[PDB]
Structure formats: structure tokens, C-alpha cells
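The chain below stands alone and is given as C-alpha cells, in the form deposited without ligand MZW.
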């Protein structure tokens, strides 16, 4: 995946977030530190926060990442789209995990109720574990795909089933 996509993936709370543009940062709601009143040196009063279940978007009133171009954010993707989940792991290793996307779903995972776009890993069989699959520290990582000449971001990593085969992308 392009270097300019990996540069937008930022360590955040108990996981990750993704810069869509100089002013717009998206993440998974449950990774946000709950008592927090300041982000990138800005008070809450100078930030527009839009929450929909496990999807959260931060819009800043100043340019936090002026090195970046604004890119396209969509509400999930067509069934059958192959996405990459942009996962960073201990030591500058980069894991763009291939996933085939399916329907919008409501599921129960480890007791909690989860809603988003379902998908199935294309990395191997029985993908439980860090080598072929996702771990809790991956939450907030972006789902991206190449559409003709450009790249699209279509959600953030929210959950994976016990077996590891099914994942859920939280969507705008």
C-alpha cells in the first residue's frame, strides 16, 4: 500500500486512528481515552466530534496534519470488494491484511453487541492469532481499497470473532 496511506495511520488510545485530511481524524469509539479533554494540544471546545456507535470522526478548527491531501471517505463499500486493513505491528512491520467485504451486520462478539460492515480474512484458514489475523491492539486501523486511479477509506477496525475468520469495519 502507498507510503502516504501508512503515514496517516496514528497511534491513539488503546489502538489507532486515520487522518482523512489535515483537519479530519477517524477512529473506533472504544479506543478513545474516556477522561480526555485535549487532543493534539486542542481543547474539546475547538473540535467537532461526530459519534455513530463504534465510528468516531474528529474535525479540528486548525490544520494538525498540513503535510496531507484530503482523500475520499465513504460509508462502507460494495459487497465483494477486497480491502486492505492497514495494521502496524511491533517494529515498523506493516501488515496490509486482505479482507473480502460482505453485508452490514449486527453480531454479538465476546458478549458485546457490534454493528458494521462484516468481512472475511483472505490471509489463510483458522487465522486466530497475530501471524495471520487481528489482535485487540489493531482497533481503529483503516479499511482501504484502490478504485480505478485513486484510494478510498471506507471504515475502521472494530471487532473480530473468536475464530478470527470474521472481522467488522465500523462505518460513517
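Under this definition, the rigid core comprises the largest set of C-alpha atoms superposing within 1.5 Å between the forms. Numbering follows the first chain given and starts at 1.
FYI, the form solved in complex with ligand MZW isn't displayed, but the following is about it.
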Given ligand MZW as it appears in the bound PDB entry, superposed onto the chain shown via the C-alphas lining its site, indicate whether the pocket is open or blocked by backbone or C-beta atoms at a 2.4 Å cut-off with 3 or more atoms counting as blocked. open
Using a 4.5 Å cut-off on any heavy atom, which residues of 89-124 would contact ligand MZW in the bound PDB entry? 89, 90, 92, 93, 94
Candidates 33, 124, 53, 136; compared between the shown form and the other one on the rigid core, the one with a C-alpha shift of 2 angstroms or more is 124
C-alpha of residue 80 moved at least 2 Å between the shown form and the other one on rigid core: no
Inter-Cα distance between residue 90 and residue 35 in the bound PDB entry, nearer or further [3 Å or more]: closer
